[PDB]
Structure formats: C-alpha cells, structure tokens
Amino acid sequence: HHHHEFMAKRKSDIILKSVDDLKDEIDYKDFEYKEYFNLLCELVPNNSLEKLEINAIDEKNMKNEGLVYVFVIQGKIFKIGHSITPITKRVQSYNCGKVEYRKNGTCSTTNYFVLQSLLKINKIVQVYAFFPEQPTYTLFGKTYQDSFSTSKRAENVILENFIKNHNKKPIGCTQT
C-alpha cells in the first residue's frame, strides 16, 4: 500500500493522509523543553470551509506576540514553529494554505502543506506555547520592547515616516 501515487517535486507536495502518518513522530511527553511550554489553544479542522478554527485556552495569552509553538496531534509532535504575531494571526496565515492559492502560487508552500495535512488528518490539534522575554532596544533615540527583530522594527519606523513625509510607499513595496 503506497503512501501516494504521484512523483512529488518537493516535500511540501506530499500532504499527510491520516494520523498513521505520525506514528514515528516524537511524543510531546518526551519533549525536553515541555516545562517551559504551556497549552495555549487548540486548532479545529473545518474541512467544508477549508480552514482551521481556534479554541482559545490560555485566554490571557491569546493576544500576546512573539512565541515558539508546538502542534501536537494525538500526543505526537507534528511541528515546532514561531511567530512574532499572536497565535491567531499565525493561524490566519496557515488558513492561506488553500488548494486554490497553492494553484495561484500565492500562499507559502509551508502553509499549504500544514493546512492540507491538518485538514486530511482531521484531528483537533493541541498548541503548546512559550513566550520568550523581549529585550529592550534603541532605534533613532527611541526605546522599544516587542517581538520584532531590530531590522524589521527599523524598516517599519522608516516606512511609516516615509509615508508621512511623501504620502506614498515606494513602488516596490506593498506591506508596511
């Protein structure tokens, strides 16, 4: 019994088909950093709508920015990732992994592989999180403490200032 029949051009082409695909994964109970992580939320597959819904658990941290997360499915570690945004925005991003957008080439291959795999496995996903302490830093004589890299914050400050000065962004930019 073959896992799939097509000849993948890359790993992200191969969508996981069931929980059986996780059988050689590492149990979350054997995760070495587990004492630093706390259950944050669950992701609920909604196949009809081709998206993941969120069951908020650690309510006080749902709007917290800058985390490492672990997706666990029936006790198995499916992935470890990070976000400078809250979990909700990162899940929003995973929800870009739709078949249509993959065909358009407008979603990341990661978001496609993860959303489609989670929808197909069709189990609720536990999300454990760790929120690192954020350093204070200085840019142009002002102090910041946030989830951003200093280069990203600097770019943001500069672009928002650029827009106020010239009432436009450069032609090569769309995001701020």
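So that there is no doubt, residue numbering starts at 1 and follows the sequence shown.
For the pair 105-113 and 61-69, the mean Cα B-factor is higher in 61-69. Here the stretch with the larger average CA B-factor, out of 38-46 and 135-143, is 135-143.
Ranked by Cα temperature factor within the chain, residue 128 sits in the lowest third according to the deposited record. Remark: residue 120 belongs to the middle third of its chain, ranked by C-alpha B-factor as recorded.
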